[PDB]
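Before any questions on how it binds or moves, here is one chain, the form deposited in one PDB entry, in structure tokens.
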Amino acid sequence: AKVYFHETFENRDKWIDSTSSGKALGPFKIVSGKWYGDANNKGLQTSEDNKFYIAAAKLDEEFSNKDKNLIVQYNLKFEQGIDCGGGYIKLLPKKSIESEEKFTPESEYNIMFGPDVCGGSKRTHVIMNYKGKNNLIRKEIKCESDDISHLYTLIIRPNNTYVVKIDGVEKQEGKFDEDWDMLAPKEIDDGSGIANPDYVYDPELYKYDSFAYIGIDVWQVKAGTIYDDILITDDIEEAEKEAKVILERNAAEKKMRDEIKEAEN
């Protein structure tokens, strides 16, 4: 069992803010949160409204998912009552950027995954790099938009198939087939899955020769989004063992949140 990355955010020593994006950035903070299931646990929070948040970290080791499972599993919370804001992550190959601080919204990524909320639109992104900066998308499931943590899980299997789960419950599965349309570079994934259908099937869409970095690059209107925990592994049993710990801690979190609301406004 090979764990390629497990960030619990005791600190963000590994994560480097971008110097290359040209955008107005805000600072991340390591915080407990307004409600939590473990008083010694902490998370990565966006601290300032109407700013971008752009940083990247190196994985524990460079790897390829050829002929292997890949599990991307992370716990994300919109504690602020989100009106418009991203909450997703990106995985990047070694050649995308010379070092962490070169990461920008335009850098080449292998995979973009996670929730994204704005103006009524609420989607879980699953974007797969196809060729160059062209990506594939399909019609996407809703994401959660309340104020407690939710575990997002993406499983990529080497028969070119995938599974999407929220809080340990399957919400979508399939093969990377003509359900998916091709997105042009820089074009928005609006969640409908409707773009350019004119591209040849790749039986190796699932596979990337290099995973080396992970990056966060989100716009925030109301800031306060918390990235609690990030796991990258090739081992389904290890992913399930860590999910159990996190889901039990999210249950205690929710009970603290319900007890606070029951006493307040």
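By rigid core we mean the largest C-alpha set that fits within 1.5 Å across both forms. Position 1 is the first residue in the sequence shown; the rest follow in order.
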Check the entry's C-alpha temperature factors for 36 to 44 and 201 to 209, then say which stretch has the higher mean. 36 to 44
Mean Cα B factor from the PDB record: higher for 252 to 260, or higher for 16 to 24? 252 to 260
Specify which of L76, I89, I188, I166 carries the largest Cα B factor in the deposited PDB entry. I188
Among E98, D147, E140, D116, the highest C-alpha B-factor in the PDB entry belongs to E98
State the tercile, meaning the lowest, middle or highest third, of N135 with respect to the CA B-factors recorded for its chain. middle
Lowest, middle or highest third: where is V72 by C-alpha B factor in its chain? lowest
Tertile call for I236 (CA temperature factor, within chain, third-based) is the highest
Per the entry's values, where does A184 land by CA temperature factor relative to the rest of its chain, in the lowest, middle or highest third? highest
Using the temperature factors of the C-alpha atoms in this entry, rank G85 within its chain: lowest, middle or highest third. lowest
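Heads up, the form deposited in another entry isn't pictured, but that's what we're talking about next.
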Just one of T104, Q80, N135, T153 has a C-alpha that shifts by 2 Å or more between the shown form and the other one on a rigid core fit; which is it? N135
Kindly check if the Cα atom of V169 is displaced 2 angstroms or more between the shown form and the other one relative to the superposed rigid core. no
Establish whether a shift of 2 Å or more occurs at the C-alpha of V117 between the shown form and the other one, with the two forms superposed on the rigid core. no
Note yes or no: does the Cα of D181 move by 2 Å or more between the shown form and the other one after the core is superposed? yes
Sense of the change in Cα distance from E106 to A184 in the other entry - at least 3 Å versus the shown form: farther
Over in the other structure, so in the other entry, do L183 and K175 pull closer or drift farther apart at the C-alpha level? The difference is 3 angstroms or more. closer
